[PDB]
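> My questions all concern the structure below.
4 protein chains.
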Amino acid sequence: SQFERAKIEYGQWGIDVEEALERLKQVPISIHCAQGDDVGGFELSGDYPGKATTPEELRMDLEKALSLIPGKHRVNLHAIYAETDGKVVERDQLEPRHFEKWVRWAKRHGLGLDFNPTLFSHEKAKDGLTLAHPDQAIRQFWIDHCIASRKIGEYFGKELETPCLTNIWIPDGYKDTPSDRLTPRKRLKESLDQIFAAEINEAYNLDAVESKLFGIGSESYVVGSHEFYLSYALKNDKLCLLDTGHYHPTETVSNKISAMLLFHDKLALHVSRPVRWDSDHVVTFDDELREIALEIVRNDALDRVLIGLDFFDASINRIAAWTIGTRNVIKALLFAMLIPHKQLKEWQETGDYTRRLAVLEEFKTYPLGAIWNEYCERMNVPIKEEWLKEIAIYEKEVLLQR
Amino acid sequence: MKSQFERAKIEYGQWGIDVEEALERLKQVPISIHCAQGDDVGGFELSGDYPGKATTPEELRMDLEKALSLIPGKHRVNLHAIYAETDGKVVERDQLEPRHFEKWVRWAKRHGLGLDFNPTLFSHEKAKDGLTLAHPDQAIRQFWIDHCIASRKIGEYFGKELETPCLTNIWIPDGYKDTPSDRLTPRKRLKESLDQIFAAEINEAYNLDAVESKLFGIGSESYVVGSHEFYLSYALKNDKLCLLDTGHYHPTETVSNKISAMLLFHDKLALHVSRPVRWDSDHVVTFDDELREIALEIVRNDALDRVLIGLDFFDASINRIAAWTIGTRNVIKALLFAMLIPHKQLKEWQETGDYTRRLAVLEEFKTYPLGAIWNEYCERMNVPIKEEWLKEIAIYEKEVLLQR
Amino acid sequence: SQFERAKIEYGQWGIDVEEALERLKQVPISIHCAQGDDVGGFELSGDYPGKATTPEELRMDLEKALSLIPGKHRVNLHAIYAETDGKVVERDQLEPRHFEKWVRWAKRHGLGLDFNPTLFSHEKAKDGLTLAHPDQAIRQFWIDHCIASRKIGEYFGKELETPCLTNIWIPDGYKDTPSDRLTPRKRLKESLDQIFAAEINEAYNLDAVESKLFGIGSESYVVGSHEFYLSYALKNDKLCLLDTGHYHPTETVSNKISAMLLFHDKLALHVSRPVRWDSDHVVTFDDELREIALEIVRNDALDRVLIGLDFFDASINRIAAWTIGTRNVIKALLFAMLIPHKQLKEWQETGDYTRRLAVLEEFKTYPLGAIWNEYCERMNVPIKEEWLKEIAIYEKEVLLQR
Amino acid sequence: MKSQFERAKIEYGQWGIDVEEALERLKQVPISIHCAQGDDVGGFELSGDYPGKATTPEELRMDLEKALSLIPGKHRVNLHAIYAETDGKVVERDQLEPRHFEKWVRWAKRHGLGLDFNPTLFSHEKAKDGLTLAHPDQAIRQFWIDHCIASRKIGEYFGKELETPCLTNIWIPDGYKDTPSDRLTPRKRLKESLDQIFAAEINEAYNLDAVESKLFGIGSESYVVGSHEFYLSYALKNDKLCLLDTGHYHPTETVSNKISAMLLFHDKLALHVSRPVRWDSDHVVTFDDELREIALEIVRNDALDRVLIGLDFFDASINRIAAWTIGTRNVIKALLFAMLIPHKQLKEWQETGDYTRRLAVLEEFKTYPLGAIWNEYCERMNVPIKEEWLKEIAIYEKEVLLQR
Ligand SMILES: [Mn+2]
């Protein structure tokens with residue numbers, strides 16, 4: 005009845021809530037694994064306690080998170096989460112077999128997997144240059160790692176019968192002012208053209224490139240910038256990936272979505288909260304998230320934007336992290352599904368800016384919670400703060416064994 | 003629908019949150035609505062947008078009543094010196110006296126309204142250089158000094174008449190388009206000028222003084238005389254109020270963060286809320302992240318009587334009554350939202366280091382049935398309930414607005 | 005002597021200053037006409064005194080300034096600068112013959128001409144949409160108008176024997192939050208496709224598109240975003256023009272030149288001084304300005320980056336404005352010419368981040384004035400502040416009498 | 003070589019600028035070099062980067078003398094509490110005394126340097142919650158209070174011995190990573206802790222106390238207890254100095270605009286210049302627009318004795334002696350540039366409305382022969398001519414920094 009009352013209110017505007025709920029149920033969010041062991045990894049190498068120690072602990076943790084999150088979703092894996100045996104394999108030598116257990120586990124749970132080559136925390140990545148390193152030998156090693164990484168995506172997609180997105184992000188740049196911006200960039204372009212040389216069926220693997228404005232130790236210059244990647248990706252029929260953390264002060268991904276859809280057709284984004292740097296805070300139901308959802312739903316792009324999460328806070332419960340974050344992007348999608356686009360578009364189309372504002376503003380007090388809650392039941396997940404209870408139980412008996 | 007309110011009351015009461023208490027408290031927080039919005043900053047001195066602006070004081074007060082109709086609770090009007098009511102008789106700004114705002118006081122009194130006041134230091138001959146209380150020539154400074162001193166008198170006059178104090182705010186355009194060659198002298202001049210304005214004491218039961226900083230405005234982008242650090246220091250040293258403008262700061266600088274620091278040393282602040290979009294653009298206020306953050310500071314620091322909330326936007330691309338009612342209702346919605354947060358629990362989770370619960374519940378509380386509360390609140394208070402206000406605006410626009 | 009002493013100091017690094025001056029003599033700088041009459045123009049339908068009012072007054076004003084700016088340059092014209100007879104001709108109906116006095120004059124002074132359709136201050140631009148207005152009859156008007164403009168662009172290149180660049184800039188956006196970001200941009204794209212339908216020889220005309228992030232009344236959203244134009248230009252083999260005042264706080268055009276040049280080949284620019292909004296302050300010899308220049312020089316892009324000026328300061332002497340803004344940008348090119356790029360490239364390549372910083376910093380005190388003053392002597396323009404005298408004269412006798 | 007200077011001295015002469023005067027005052031102004039840069043914020047408490066970092070007090074002092082070899086003029090060294098010399102002894106921070114800095118004071122005296130001081134409220138067991146003076150735990154609060162008092166005492170000691178006052182600046186890292194649910198009570202506690210630190214009366218002839226705001230740190234991204242607005246109000250009420258750091262501000266935010274407003278209310282003023290690149294990233298100070306604007310401000314406003322200038326930077330990735338010398342020589346160049354600007358004529362033009370000349374000459378001055386003047390100055394002061402100091406750093410790194 006609570007629900008039922010909410011349903012009518014949306015009804016008056018022609019919003020079909022059941023339809024919205026039915027399409028929402030479908031959309032997959034790709035959850036990053038890094039959150040669970042604090043970017044550790046199993047590659048032979061103070062904060063909130065009981066992070067995962069092993070892939071077995073790591074997988075357990077995801078299932079728990081996943082069981083608190085409505086819908087059916089995906090795990091975004093990194094090259095360093097390889098299960099070599101006890102045998103240490105160098106990164107340019109990674110192969111599908113290194114990911115059997117991951118894949119087998121994903122299939123059992125009916126999940127999709129996404130991949131990323133890992134281009135940091137490594138002997139050959141300490142100069143802060145990787146694909147753009149002045150040393151041929153270093154570039155190859157990294158080129159080979161990415162090529163390897165692409166085949167692993169291909170393995171994933173074949174197996175999971177849903178295309179893997181393999182995304183390249185590199186830490187490349189310099190700390191202080193560079194005396195030359197162009198040539199590293201030329202080295203990066205050449206390196207990529209190599210990485211992407213062999214074709215793979217777009218049914219199994221998709222390729223993305225990710226820019227960053229600045230990082231720690233790359234304050235002043237980043238090789239693979241926005242304009243760089245936007246252009247590169249455009250020439251070579253690849254996907255851009257946009258991180259809500261990697262741009263200028265005041266700069267929004269929401270504003271970029273619709274321009275990008277006119278020329279690209281598929282588009283990847285990682286949502287994370289910047290708090291004044293690519294800080295990787297847990298995603299929150301804020302204005303920019305709402306504006307991103309709005310843009311996604313309105314531009315009829317629920318199958319063209321591959322939503323991924325990217326965030327790392329070690330100060331708080333790692334399961335709560337995943338679940339807060341993921342539950343936020345879904346709520347946001349939902350809110351954007353429950354909005355009168357047609358009346359709103361036709362009002363801006365005809366100059367009535369007055370009601371466009373009034374109504375965008377009024378829907379902020381409509382009963383999202385009554386639909387949000389109903390949805391959570393229908394989807395077998397705890398309904399409000401109830402989900403904290405499961406975390407508490409879980410942390411006690413297992414999270415706090417190790 | 004009464005059930006909707008009732009179920010929500012249970013949902014909130016489960017936290018210790020008393021929605022009846024919160025609504026009572028909300029009832030009496032006054033918002034000061036700026037008049038600059040009715041007539042496109044036009045005023046009534048000797049001196061192709063959106064149609065049907067206000068054109069006489071009779072039109073601006075009708076307009077104001079009309080918006081006040083649609084806004085819940087009981088409020089204040091923020092007047093500017095250029096909305097002075099002379100006859101058809103030019104009186105210079107330094108010659109301004111209570112008599113020139115008698116019609117307004119009486120109107121406010123009848124409708125049970127507070128009046129705040131503002132000297133006007135833009136759009137005038139002795140402002141044409143873009144310097145004012147800090148102009149190089151004595152006679153220009155002395156003029157704007159006499160004008161501000163006049164405006165303090167008028168504010169004292171409102172306080173006396175309306176038996177609720179009037180904040181007289183001082184904002185000046187002074188600055189330079191391009192890089193300056195001296196940043197001090199003009200500030201020295203501002204200081205000396207303000208010292209002269211605040212010389213005569215006025216009872217604080219009638220009139221409080223504010224000073225408003227700006228980072229930049231157009232024509233005035235390289236440097237502004239009345240800077241943030243300047244007026245922070247001045248108000249402290251001289252026991253005056255800072256007025257803070259949500260629109261008058263750096264990229265990403267938020268006032269929400271400033272309130273706590275300032276309540277520790279000042280005991281009363283003023284705010285002007287407006288929406289900047291990339292500059293002091295003066296957009297209608299929205300229920301957004303920052304407006305809720307401001308509200309949380311006000312409520313949770315128990316500064317509901319310490320923070321004088323006023324609005325300050327000018328949208329002449331949309332209907333002006335609607336402008337008023339959206340903005341004003343948005344801030345009330347925010348205060349409400351802040352009144353329905355489990356502060357005690359949140360504060361305690363912080364002191365304890367339980368950042369998991371703090372974020373989880375802050376976040377959770379963003380889908381609680383705020384609307385059900387708001388709707389009921391709107392109805393006890395005789396305003397249209399959701400979109401409905403938009404229907405009276407449609408009528409008023411044809412009915413009166415557009416025979417004008 | 006002074007110059008000969010300076011010369012030796014740069015000569016110690018392998019820096020031939022004689023050669024730098026030789027190449028500096030040949031770089032054109034495209035000066036905007038807007039600055040002369042405060043964007044008035046000659047269409048039938061407070062600030063500092065002495066502003067131009069007539070075609071005749073504006074040509075004298077450009078000549079004055081050109082005569083205080085060393086070298087040979089071009090003038091950048093807008094469509095509202097058409098000289099109909101006393102006739103009145105609609106913007107879609109403008110023809111080469113409406114600019115033939117302009118051409119004759121530049122032939123007479125050895126100047127290139129650049130072009131711009133004007134899509135603002137007009138009835139058919141008053142809803143703030145233009146190439147993207149919902150009304151097809153509005154769009155077509157503007158489509159034709161830009162087409163007319165390209166034809167004029169062709170005229171200049173033919174007549175003057177130097178390609179003309181015809182840059183499109185539109186004011187299109189909304190002040191307040193759009194309820195649709197997608198459908199306005201789809202329309203820009205279709206308008207531009209139509210505009211660029213006819214091919215024109217690259218030796219006579221080039222096209223460029225110019226992004227912007229916001230304007231006044233254009234605050235919340237702007238159709239011609241940076242992502243739209245970069246994508247469009249790349250797909251359609253057109254030039255991107257970048258305006259230093261047209262981006263996010265802390266966002267730098269300098270950082271973009273290097274990547275742009277990897278994919279375009281030809282790049283267009285406008286140098287403005289943003290002061291907290293797109294405000295059009297005279298360009299000053301600043302860090303970003305220097306940085307831009309370095310980037311243009313190291314990258315071997317003097318022929319590849321088309322340097323235009325765009326600013327409008329009505330608060331000072333207008334002839335002063337032009338001469339301060341141009342000499343500055345020349346100045347910066349000079350500065351970058353007198354940089355030990357190869358020793359600096361190497362140290363970067365090599366990891367000697369210490370020398371790099373050290374010497375880039377050390378060059379900020381090198382004897383540029385000496386060189387800059389020599390250059391102005393050889394180029395028959397006044398040498399330090401003495402061009403001010405010539406302004407004071409021109410102001411007394413000519414300007415203050417209109 | 004001495005005529006290059008001569009020809010240059012004349013060009014400046016024409017504007018009635020006295021270049022001899024300029025250098026004779028430039029010689030006087032002390033810069034305060036931070037010790038952190040020499041050993042990578044190591045310290046000597048009992049607890061991938063460029064090699065040869067300093068590892069002991071003798072080594073760090075030797076390092077320091079090396080950098081002053083190459084920096085013209087006479088200076089000061091900004092010490093941190095953790096650089097205490099306890100023999101083999103292990104003394105806690107609240108237990109720190111003037112004897113634990115005797116070597117330092119003996120050394121600075123022989124080389125004729127002033128010494129500034131900072132307590133250290135990070136890298137400690139009792140600062141792991143990211144809270145310090147604002148921790149909820151009174152004992153922890155007490156502990157740091159105790160430690161701060163201690164360092165005011167040690168600074169006093171510095172003033173007496175070196176016959177010039179020591180600035181003891183307080184910077185704390187207190188804040189939260191994620192959105193807080195209370196911005197006020199944590200600042201209530203800092204206020205209170207500061208009141209205690211400062212209750213112990215200490216002679217200003219010998220020690221001055223400063224307080225340092227930061228906007229965000231990694232791990233304190235959402236909120237810092239030390240608001241700019243908090244310290245700015247604090248220092249004014251309690252007669253202390255604000256210390257301004259060029260990296261602890263909002264994007265586009267400048268210290269150079271804050272100087273004039275501050276000097277007007279404060280008398281004395283400290284700053285740390287560091288290069289921020291998109292965060293308090295502590296890069297080596299470069300001769301840039303903002304460094305140029307700060308120096309103009311200090312010079313024009315007659316403040317060479319009202320602005321205490323310290324360096325604060327740590328770039329672990331270049332030669333650390335180079336870092337000190339590039340940086341210090343830059344602020345000095347900047348000062349020097351500001352000394353060679355026709356302030357009077359420029360001031361007159363602003364006053365007068367001639368923004369045309371104001372802009373034209375400030376720019377024209379950017380190509381005047383600063384290098385000619387700066388070279389002579391360098392020679393006169395017995396430091397390496399130009400780049401030539403890179404030669405002395407290579408000689409030092411080879412036969413010294415790398416016998417480690
Ligand atoms: Mn990322």
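Residue numbers (the authors' numbering), protein chains in the order written: chain A, 5 to 49, 61 to 417; chain C, 3 to 49, 61 to 417; chain B, 5 to 49, 61 to 417; chain D, 3 to 49, 61 to 417. Ideal Cβ positions, reconstructed from N, Cα and C, are used throughout, including at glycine.
Could you list which residues in chain C have their beta carbon closer than 9 Å to that of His263 of chain D, in chain order?
Near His263 of chain D (Cβ distances below 9 Å), the residues of chain C are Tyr262, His263, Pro264, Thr265 and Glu266.
> How long is the line joining the alpha carbons of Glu217 of chain B and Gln209 of chain A, rounded to whole angstroms?
If I take the Cα positions, the gap works out to 33 Å.
> Roughly how many angstroms separate the alpha carbons of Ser194 of chain A and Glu364 of chain B, rounded to a whole number?
Distance between the alpha carbons of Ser194 of chain A and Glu364 of chain B: 10 Å.
> What is the DSSP secondary structure of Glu401 of chain D, reduced to helix, strand or coil?
Three-state DSSP puts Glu401 of chain D in coil, outside helix and strand.
> Looking at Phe326 of chain D and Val298 of chain D, is the spacing between their C-beta atoms short of 9 Å?
Cβ distance < 9 Å, so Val298 of chain D and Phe326 of chain D count as in contact.
> Please list, in chain order, the chain D residues whose beta carbon lies closer than 8 Å to that of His148 of chain A.
Chain D residues near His148 of chain A: none, gap ~16 Å exceeds 8 Å.
> From the beta carbon of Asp301 of chain D, is the nearest beta carbon of chain B less than 9 Å away?
It does; some Cβ of chain B falls within 9 Å.
> If you scan the region 229-270 of chain C from start to end, which runs of the beta strand (DSSP E) of 3 or more residues do you find wholly inside it?
DSSP runs (the beta strand (DSSP E)) wholly in the region 229-270 of chain C: 254-258.
> Straight-line CA distance for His279 of chain A to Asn182 of chain A?
Approximately 16 Å, taken between the alpha carbons.
> Run the CB neighbour count on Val320 of chain D, radius 10 Å, all protein chains shown included, and call it buried at 16 or more, exposed below.
Result: buried.
> Quick one: grab the DSSP three-state call for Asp191 of chain C.
Of the three classes helix, strand and coil, the one that applies to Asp191 of chain C here is coil, per DSSP.
> Relative to ligand 1, what is the chain-ordered list of residues with a Cβ closer than 5 Å to any of its non-hydrogen atoms?
Having a Cβ closer than 5 Å to some heavy atom of ligand 1 are A:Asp258 and A:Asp325.
> For the region 199-215 of chain C and the region 147-162 of chain C, state whether three or more C-beta atom pairs, one from each stretch, are separated by less than 8 Å.
With the cut-off at 8 Å, the region 199-215 of chain C and the region 147-162 of chain C touch.
> With distances taken from CA atoms, which of B:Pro85, B:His113, B:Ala94 and B:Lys399 is nearest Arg370 of chain D?
The residue with the shortest Cα to Cα distance from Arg370 of chain D is B:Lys399.
> Looking at chain B, which residues of the region 280-300 of chain C have a Cβ within less than 7 Å of any of its Cβ atoms?
If the cut-off is 7 Å between Cβ atoms, the region 280-300 of chain C has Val290, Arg291, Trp292, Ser294 and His296 near chain B.
> Cα-Cα, which of A:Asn343, A:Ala335 and A:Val312 is closest to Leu197 of chain B?
It is A:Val312.
> Can you list the alpha helix (DSSP H) stretches of 4 or more residues lying completely in the region 255-341 of chain A, in chain order?
Qualifying alpha helix (DSSP H) stretches, in chain order: 269-276 and 302-313.
> Return yes when the C-beta of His160 of chain C is under 8 Å from any heavy atom of ligand 2, and no when it is not.
Inclusion of ligand 2 in the displayed structure is not the case, the ligand content consisting of ligand 1 alone.
> Which complete alpha helix (DSSP H) runs does the region 117-163 of chain C hold, if anything under 4 residues is left out?
List check, alpha helix (DSSP H) in window: nothing returned.
> What number of angstroms, rounded off, separates the C-alpha of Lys139 of chain C from the C-alpha of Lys190 of chain C?
About 17 Å.
> With respect to the alpha helix (DSSP H) encompassing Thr365 of chain D, which residues constitute its N-terminal and C-terminal limits?
Element bounds for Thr365 of chain D: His356 to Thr365.
> Counting only the same chain and skipping the five closest in sequence on each side, list residues whose C-beta sits under 7 Å from that of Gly340 of chain D.
Closer than 7 Å at Cβ, skipping near neighbours: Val297, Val298, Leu324 and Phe326.
> Residues bridged to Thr181 of chain A by DSSP?
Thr181 of chain A is bridged to A:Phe130 and A:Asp222.
> Does chain C have any CB closer than 9 Å to the CB of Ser240 of chain B?
No - not a single Cβ of chain C is within 9 Å of the one on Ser240 of chain B.
> Counting contacts by CB-CB distance shorter than 9 Å, is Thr259 of chain A in contact with chain C?
No, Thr259 of chain A does not count as interfacial toward chain C.
> Who are the Cβ neighbours of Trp362 of chain D in its own chain at under 6 Å, not counting the five residues just before and after it?
Closer than 6 Å at Cβ, skipping near neighbours: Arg370 and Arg371.
> CB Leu73 of chain C to CB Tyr96 of chain C, shorter than 9 Å?
A contact, by the Cβ cut-off of 9 Å.
> CA-CA distance, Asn388 of chain C and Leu348 of chain C?
Approximately 15 Å, taken between the alpha carbons.
> Report the option in A:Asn314, A:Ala385 and A:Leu284 whose CA atom is closest to the CA atom of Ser34 of chain A.
Checked all of A:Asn314, A:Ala385 and A:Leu284; the closest Cα to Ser34 of chain A is A:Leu284.
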